[PDB]
Amino acid sequence: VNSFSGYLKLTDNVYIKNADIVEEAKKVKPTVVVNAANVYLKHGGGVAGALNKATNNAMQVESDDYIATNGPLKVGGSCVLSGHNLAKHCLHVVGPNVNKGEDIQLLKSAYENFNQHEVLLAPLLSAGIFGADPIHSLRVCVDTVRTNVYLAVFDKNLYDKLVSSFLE
Ligand SMILES: CC(C)[C@H](Nc1ncnc2[nH]c(-c3cnn(C)c3)cc12)c1ccc2c(c1)S(=O)(=O)NCC2
């Protein structure tokens with residue numbers, strides 16, 4: 001169960017690996033995989049699109065049905081849906097998109113959602129096309145998450161900069 005391999009332990013509860021979150025989810029089948037979602041759960045590209053494609057679009061169909069019944073999420077919020085073939089559950093978390101004018105302070109609220117689950121496989125919230133400084137996103141994760149989080153970062157250059165930044 002939760003057989004994470006090759007991670008570097010940064011703190012008592014935060015681990016990090018240079019890896020594709022989709023490939024990690026297939027190998028580990030964690031209890032929870034985090035999706036870096038938007039408020040309408042439209043998994044159009046990036047991490048969210050890759051996780052959806054690995055479920056052969058079942059995650060998008062389920063997400064559309066969720067939004068029809070419940071309405072959109074809030075920035076900083078989350079919902080629990082099926083993990084399909086990737087995990088027992090998928091925790092869809094909306095980090096702020098600072099390239100769209102959303103407040104970076106909401107990144108603390110976004111990582112707070114992780115605390116309702118004992119173990120999670122997750123990406124670096126608000127990084128990539130969401131525009132946040134990835135070194136800042138790792139600092140907010142370390143300061144906010146109290147449960148056990150395994151971060152998969154699919155870029156060796158960024159992985160090295162994050163580990164060097166943490167060990168300063
Ligand atoms: C900073 C990046 C290195 C990181 N990327 C990733 N981190 C971890 N597992 C990944 N799998 C893939 C993948 C697998 N297949 N395809 C076609 C893509 C990307 C990827 C990342 C972190 C957070 C965010 C993004 C990207 S995003 O721009 O897609 N959306 C905003 C949030």
Side-chain angles (χ1 to χ4, degrees), residues 2-8 10 14-30 32-60 63 72-79 81 83-87 89-114 119-142 144-145 148-166:
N2 287 319
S3 197
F4 294 100
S5 59
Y7 283 75
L8 175 63
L10 296 182
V14 177
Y15 302 80
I16 191 169
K17 187 179 180 179
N18 166 219
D20 178 355
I21 193 171
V22 174
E23 293 303 318
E24 288 293 300
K26 291 192 257 182
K27 288 172 179 124
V28 174
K29 228 309 223 244
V32 176
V33 64
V34 176
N35 180 30
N38 58 32
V39 296
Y40 282 94
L41 305 180
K42 287 300 191 182
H43 315 303
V47 168
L51 284 167
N52 177 60
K53 175 179 186 201
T55 75
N56 292 76
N57 205 51
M59 172 183 289
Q60 187 66 76
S63 289
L73 292 180
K74 290 295 277 168
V75 177
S78 72
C79 68
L81 291 172
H84 301 277
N85 49 303
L86 300 180
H89 304 282
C90 178
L91 179 74
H92 296 268
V93 176
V94 184
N97 184 328
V98 310
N99 284 331
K100 286 243 177 226
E102 299 174 357
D103 185 358
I104 191 58
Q105 294 177 294
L106 290 169
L107 187 54
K108 174 176 159 177
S109 300
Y111 277 113
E112 277 175 354
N113 295 285
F114 288 23
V119 178
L120 311 93
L121 168 59
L124 192 66
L125 300 180
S126 294
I129 78 170
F130 280 30
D133 183 328
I135 288 171
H136 174 65
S137 183
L138 175 62
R139 292 208 191 104
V140 178
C141 181
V142 166
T144 306
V145 181
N148 306 298
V149 58
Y150 292 78
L151 295 168
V153 177
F154 195 22
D155 179 338
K156 177 62 170 155
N157 311 105
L158 178 59
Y159 172 86
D160 286 348
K161 286 163 189 171
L162 288 173
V163 178
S164 178
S165 295
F166 175 87

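Indexing begins at 1, ligand by ligand and atom by atom, following the structure's order. FYI, the numbering just counts along the sequence from 1. All values below were derived from every heavy atom in this structure, side-chain atoms included, with hydrogens, water molecules and symmetry-related copies excluded.
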How far is [atom] from the closest protein heavy atom, and which atom is that?
| atom | answer |
| --- | --- |
| atom 10 (C) of ligand 1 | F154 CB, 3.5 Å |
| atom 28 (O) of ligand 1 | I129 N, 2.9 Å |
| atom 8 (C) of ligand 1 | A152 O, 3.3 Å |
| atom 22 (C) of ligand 1 | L124 O, 3.6 Å |
| atom 4 (C) of ligand 1 | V47 CG2, 4.5 Å |
| atom 9 (N) of ligand 1 | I21 N, 3.0 Å |
| atom 24 (C) of ligand 1 | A127 O, 3.5 Å |
| atom 15 (N) of ligand 1 | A50 CB, 3.5 Å |

**OP:** Could you see which bit of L158 sits under 4.0 Å from ligand 1, with heavy atoms only: side chain, backbone, both or neither?
**Re:**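 Only the side chain of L158 comes within reach of ligand 1.
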Original post:
Can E24 and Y7 be said to form a side chain to side chain contact (heavy atoms under 4.5 Å, CB included), step by step?
Top reply: CA-CA 11 Å; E24 288 293 300; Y7 283 75; 2.7 Å; yes
Can you list the atoms of ligand 1 that are under 4.0 Å from a heavy atom of [X]?
| X | value |
| --- | --- |
| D155 | 3 (C) |
| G46 | 29 (O) |
| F130 | 31 (C) |

**OP:** Go through the structure and list residues passing side chain to side chain donor-acceptor pair (under 3.5 Å) with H84, not counting sequence neighbours.
**Re:**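 Side chain to side chain donor-acceptor pair (under 3.5 Å) check on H84 returns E62.
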Original post:
Is the number of heavy atoms from other residues, nucleotides or ligands under 6.0 Å of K161 NZ greater than 12?
Top reply: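 No, not enclosed.
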How many angstroms lie between [atom1] in [X] and [atom2] in [Y], if you round to the nearest 0.5 Å?
| X | Y | atom1 | atom2 | answer |
| --- | --- | --- | --- | --- |
| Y150 | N2 | OH | CG | 7.5 Å |
| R139 | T144 | CZ | OG1 | 13.0 Å |
| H92 | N113 | NE2 | CG | 12.5 Å |

**OP:** Kindly indicate whether atom 12 (C) of ligand 1 is approached by any protein heavy atom to under 4.0 angstrom.
**Re:**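 True for atom 12 (C) of ligand 1.
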Original post:
Any protein heavy atom under 4.0 Å from atom 31 (C) of ligand 1?
Top reply: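 When distances to the protein are checked, atom 31 (C) of ligand 1 has a heavy atom within 4.0 Å.
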Original post:
Taking it one step at a time, do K17 and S5 satisfy side chain to side chain contact (heavy atoms under 4.5 Å, CB included)?
Top reply: CA-CA 9 Å; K17 187 179 180 179; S5 59; 4.1 Å; yes
Original post:
Do any nitrogen or oxygen atoms of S126 lie less than 3.5 angstrom from nitrogen or oxygen atoms of ligand 1?
Top reply: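 For ligand 1, there is no N or O atom that lies under 3.5 Å from one belonging to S126.
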Subject >> No-hydrogen, no-angle side-chain donor-acceptor test under 3.5 Å, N18 and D155 >> reply: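 No, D155 and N18 have no side-chain donor paired with an acceptor closer than 3.5 Å.
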Would you tabulate the side-chain donor-acceptor contacts of residues 125-136 under 3.5 Å, counting partners in other chains and residues two or more places apart, or write 'none'?
{"residue": "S126", "atom": "OG", "partner": "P96", "partner atom": "O", "Å": "2.8"}
{"residue": "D133", "atom": "OD1", "partner": "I135", "partner atom": "N", "Å": "3.0"}

